[PDB]
């Protein structure tokens, strides 16, 4: 059948392109039985809404950010932990290894099959002034995703967090409802947030993954061969995504800079001040010995 899949991003964005690529591959692996259509631009709803729809089987699939599972799948909190990953190479090795697998496995009890992660770079604060330390965060109305952890992260940085859906952030910034948010460079560019919040400060406070989830209610009706085809197509989409994403990080940085944005390099941001402030949250959100073990497996990579 045609599986319906949700994404907040536009059609040309790397996540949408990767799932469309998966769909093309899936078609061939199933003798034309299956394909995927990606409804971008938050057409099917916010991330929160589309996750609830995937869980009841109203839509087949969604490519969403890991933060959107933080109140549903406890293990999803872990890779949103602040300053957990040293760098992108660390994220890749740990998240496409056994530790990442344990996180994927936890989705199944919550009515989702987590097929793969996709990298999402590092999230950084942007605003109408640069931010080198927490003092600089004070008084900023900072949009966050609707995640208790993300609320706590921004509060710990010194800002005042306000949860909002991704599609609404641009209007929020343009009209002063909020005056800052945080994200990777491709998202900063795609949404035009860089036009109204031109100071992008590389706090690199989180390296939250994307997750591609499939509705378990729909999954449970498929044969093992069909399931295996879907899993292979998802796995095969990752190097395709990585080529697009690495190129997009670079082109986004150049595009926003040419479009007037000022990037404060990570080296000039008081990483020390932010690590001080944010570090206790790990212990707050380790709600089981299994979560502690996953964190340890990531750190040991």
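Residue numbers count along the first chain shown, from 1.
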On average, are the C-alpha B-factors higher in 135 to 143 or in 160 to 168?
135 to 143
Would you mind comparing 183 to 191 and 224 to 232 for me and telling me which has the higher average C-alpha temperature factor in the entry?
224 to 232
Whose C-alpha has the highest temperature factor in the PDB entry: 55, 63, 271, 243?
271
Reading the B-factor column for Cα atoms of 36, 43, 275, 252, the highest value belongs to 275
Among modelled residues of the same chain, the CA temperature factor third for residue 296
middle
By its CA B factor, does residue 117 count among the lowest, middle or highest third of the modelled residues in the chain?
lowest
Select lowest, middle or highest to describe the third in which the CA B-factor of residue 238 falls within its chain in this entry.
lowest
Ranking every modelled residue in this chain by its Cα temperature factor as given in the entry, which third contains residue 30?
highest
Grab the CA temperature factor for residue 20 from the record and place it in the lowest, middle or highest third of its chain.
middle
